[PDB]
Amino acid sequence: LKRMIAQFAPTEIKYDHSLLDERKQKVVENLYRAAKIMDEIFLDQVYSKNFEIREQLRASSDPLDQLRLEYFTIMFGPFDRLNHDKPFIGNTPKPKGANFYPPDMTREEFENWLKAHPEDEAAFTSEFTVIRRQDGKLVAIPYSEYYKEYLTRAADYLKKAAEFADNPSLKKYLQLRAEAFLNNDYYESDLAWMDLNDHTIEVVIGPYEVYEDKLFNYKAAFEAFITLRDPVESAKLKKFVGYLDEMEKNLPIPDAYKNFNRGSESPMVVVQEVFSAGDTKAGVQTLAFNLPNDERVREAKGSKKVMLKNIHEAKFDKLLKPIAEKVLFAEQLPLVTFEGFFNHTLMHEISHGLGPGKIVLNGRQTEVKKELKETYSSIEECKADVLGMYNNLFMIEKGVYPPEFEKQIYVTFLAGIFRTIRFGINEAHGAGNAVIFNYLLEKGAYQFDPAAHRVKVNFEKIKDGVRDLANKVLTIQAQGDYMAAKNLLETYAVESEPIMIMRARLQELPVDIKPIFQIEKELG
Ligand SMILES: N[C@@H](CCCC[NH3+])C(=O)O
Ligand SMILES: [Cl-]
Ligand code: NA
Ligand SMILES: [Zn+2]
């Protein structure tokens, strides 16, 4: 268990205290108390025995149980999220429905209930209800009622925080989100969250991501981000959203493929994380999130893309830098910079909003996601990473970035390929990185030394290689070419021998990070 815990390097998550006066301190304190309740709620959402298992580990005298508790705390359950939820306590497999559904309820019984009781479909499929067996029936119990005890205390902490919040947009959001916990309707407070302006505390708290529900991907998990907004860095990102049409017109495709029906633009903010809780804190840590998922909000006001700068700093120092030291030639190692890591994530997120979407295939109105089917996510993340380099090169052309940043782009991404791929080559993001590495290696844009076991950028072919792969992925999307998407993945999204060799060199490094929050040492 000592080595499994070592996969997450302990790192201290600190924040700038000078950004908060006395009254903002009391906001963050009460926001922290509500976020710790999100830790308790989500722990119950993962598995019904989580609280009972935690209590057994707490009272146990076995020194081995205290090591199992440390990994339990990391994973919010007895299942190893780095290894397909393999239980490290006992051997009972994790329910596919976590704790949102009865463990003996299949998809068939669920779908058979909605056929016999059509009136329950809106409540049963809702992101904010749990399914339970009662009196020979299946009932949908809203989150506001199933977790009323926790959410009432969490709402009171939000109400107390709102009294100390002098920023009107912040005060309004905290008040409405407090009510949202109890009336189970998060739409009005989601809109207030998108309207946060001229504020320091960038905070989001509530149920959002549905990826814990591995039965239907229906139910959302409670989580929290408490971050501090950075005006100097968020200002530098205000011009990137002004280049959105320019980046699209500049894409390496015929004009008929270029998409100016992309929908509402997303606001983007660079923040310093103070505390995270719930779904996001389990296992691997988030570098940036994109909320809300409500299409009703994303149509009206878009979604907010929040970049966690200090989490990037932790991952760069603990992971990307040690990986680059082992995978790159010494002459290219200095080109690995924090700017190359953080600014790619910025442009990776921007690039998701570019490229084909609503398309016409054989005269029918359709979508890239509908046509690519299971290949869409791998192709989409491949597009975002390739365009992230392409558009950052475009930002150099326009004087936004200095010329010496060009080589940092290529090299830092190459080093980052082998941080992402260690998470798993079958995931969409890892699959997309496998394509980029194997394709650019084939083109000669990357080079693998079979004796030194190191990779490098070929600066004479890397620019065209990125353009070539961008053209190919964008064209596959614009034509809805599911067959070419499959063949691209079958050919290049593979664990090639160079990848196997480089991966073997990194077995002793941490996989991710364990957050040790300064605020937890302050408020305890
Ligand atoms: N996006 C993370 C890995 C996945 C985290 C999912 N919550 C990273 O690049 O470090
Ligand atoms: Cl504020
Ligand atoms: Na996580
Ligand atoms: Zn992505």
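Rules used throughout
All residue numbers are counted from 1 along each chain's written sequence and may depart from the entry's numbering; residues that have no coordinates are not represented. Numbering of ligands from 1 and lettering of chains from A proceed in the order in which they are written. With hydrogens and water set aside, each side-chain value is computed from the structure's full complement of heavy atoms. Residues with missing side-chain atoms are left out of burial classes, side-chain pairs and their counts. By the criteria applied, helices consist of DSSP H or I runs no shorter than four residues and strands consist of E runs no shorter than two, each listed in order from the N terminus. Here the radius of gyration uses the C-alpha set of atoms, whereas the globule reference equals 2.2 Å times the residue count to the power 0.38. The criterion used for residue contact is that any of the two residues' heavy atoms lie within 4.5 Å. Both site types are read off a 1 Å grid over the protein atoms alone. A 1.4 Å probe that fits but cannot get out defines a cavity, while an open set with protein on both sides within 12 Å along at least five of seven lines defines a pocket; lining residues have an atom within 4 Å of a point. Grid points are joined across faces, edges and corners, and a volume is the space filled by probe spheres set on the points. Each residue receives one of three labels: charged for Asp, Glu, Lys and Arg, nonpolar for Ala, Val, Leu, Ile, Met, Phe, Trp, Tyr, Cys and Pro, and polar for the others, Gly being one of them. For Na, K and Ca the donor cutoff is 3.2 Å, while for all other metals N, O and S atoms count as donors only within 2.8 Å; water does not appear among the atoms, so some sites may look incomplete. Irregular is the default label, applied whenever a site is not tetrahedral (four donors, all angles between 85 and 135 degrees) and neither square planar nor octahedral (four or six donors, opposite donors over 155 degrees apart, all other angles between 65 and 115). Note on exposure labels: buried denotes an accessible area under 20% of the residue type's maximum, exposed denotes more than 50%, and partly exposed covers the range between, all computed with a 1.4 Å probe on protein chains only. The term salt bridge refers to a side-chain nitrogen of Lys or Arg lying within 4 Å of a carboxyl oxygen of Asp or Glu. To estimate the expected span of a helix, subtract one from its residue number and multiply by 1.5 Å.

- Structure determination for this PDB entry is given in the record as X-ray crystallography, at a resolution of 2.1030 Å.

With respect to the overall build of the chain
1) Next: Tallying secondary structure elements over the chain gives 23 helices and 15 strands in all.
2) Next: Against the compact-globule benchmark of 24 Å for 524 residues, the chain has a radius of gyration of 24 Å, which places it among compact chains.
3) Next: Along the longest, intermediate and shortest principal axes, the C-alpha atoms of the chain span 65 × 60 × 50 Å.
4) Next: Sequence-distant contacts, at least 24 apart, represent 73% of the contacts inside the chain between residues at least 6 apart.

Considering the layout of surface pockets
1) Next: Considered as a void within the structure, the second largest pocket measures approximately 410 Å³ in volume.
2) Next: As for the second largest pocket, its lining consists of 18 residues, of which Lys-36, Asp-39, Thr-73, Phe-76 and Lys-281 are closest to the centre.
3) Next: For the lining of the second largest pocket, the secondary structure elements donating two or more residues are α2 (22–46), α3 (50–59), α4 (63–75) and β15 (512–517).
4) Next: In terms of residue class, the lining of the second largest pocket is built from seven nonpolar, three polar and eight charged.

Here we look at the coordination of the zinc ion (ligand 4)
1) Next: Each protein donor to the zinc ion (ligand 4) is listed here as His-348 (NE2), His-352 (NE2), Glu-381 (OE) and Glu-381 (OE); together their distances run 2.0 Å.
2) Next: Because the angles between the four donor atoms bound to the zinc ion (ligand 4) fall within 66 to 151°, the donor set is best described as irregular.
3) Next: On the primary sequence, the residues serving as donors to the zinc ion (ligand 4) are separated as H-x3-H-x28-E. Taken together, the residues span a long stretch of sequence, with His-352 in helix α15 (residues 338–352) and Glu-381 in helix α17 (residues 376–397) at a distance of 29 residues.
4) Next: Residue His-352 is classed as partly exposed on the basis of its relative accessible area of 24%.

Focus on the environment of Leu-506
1) Next: Mapped onto the elements of the fold, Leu-506 is located in the loop between α22 (497–505) and β15.
2) Next: According to the relative accessible area criterion, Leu-506 is buried, its value standing at 0%.
3) Next: Taking C-alpha positions, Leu-506 is 8.8 Å from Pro-322, a pair spaced 184 residues apart along the chain.
4) Next: If we skip the residues at most four places from it in the chain, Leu-506 touches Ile-323, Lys-326, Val-327, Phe-418 and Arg-422.

Here we look at unusual backbone geometry
Excluding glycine, most residues fall at negative phi; most peptide bonds, likewise, are trans.
1) Next: With an omega of -5°, the peptide bond between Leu-291 and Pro-292 qualifies as cis.
2) Next: Here the phi dihedral of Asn-217 falls at roughly 55°; this positive angle occurs in a residue that is not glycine.
3) Next: With respect to the helices and strands, the residue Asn-217 is situated in the loop between β6 (201–207) and β7 (222–229).
4) Next: Backbone geometry at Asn-362 places phi at a positive 55°, although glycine is not the residue there.
5) Next: Looking at the secondary structure, you find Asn-362 in the loop between β11 (358–361) and β12 (364–367).

Quick word on empty space enclosed by the protein
In this approach a probe as big as a water molecule rolls over the atoms, and the regions it shows empty are the leftover space.
1) Next: When its volume is computed, the largest cavity comes out at roughly 40 Å³.
2) Next: What lines the largest cavity is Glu-339, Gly-340, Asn-343, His-344, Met-389, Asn-392, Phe-405, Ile-409 and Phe-413.
3) Next: Every element with two or more residues in the lining of the largest cavity is listed here: α15, α17 and α18 (405–420).
4) Next: Here the element with the most residues in the lining of the largest cavity is α15; it accounts for four residues.

Describing the pattern of salt bridges
Close approach of charged atoms allows side chains with opposite charge to pair.
1) Next: Throughout the structure, instances matching the rule amount to 27 salt bridges.
2) Next: The shortest N-O distance in the salt bridge between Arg-68 and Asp-65 comes to 3.0 Å. Of this pair, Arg-68 and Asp-65 both sit in helix α4, three residues apart, roughly one helical turn.
3) Next: The class of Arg-68 is partly exposed, set by a relative accessible area of 23%.
4) Next: Judged by its relative accessible area of 8%, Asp-65 falls in the buried class.
5) Next: It is possible to trace a salt-bridge network through shared partners that takes in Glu-12, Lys-14 and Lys-521.

Here's the deal with helix α20 (residues 462–478)
1) Next: Its 17 residues give α20 an end-to-end C-alpha distance of 24 Å, which sits within 8% of 24 Å, the value for a rise of 1.5 Å per residue.
2) Next: If you check which residues of α20 are buried, you get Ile-462, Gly-465, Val-466, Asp-468, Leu-469, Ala-470, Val-473, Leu-474, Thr-475, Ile-476, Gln-477 and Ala-478.
3) Next: Positive phi shows up at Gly-480, right after α20, with a value of about 55°.

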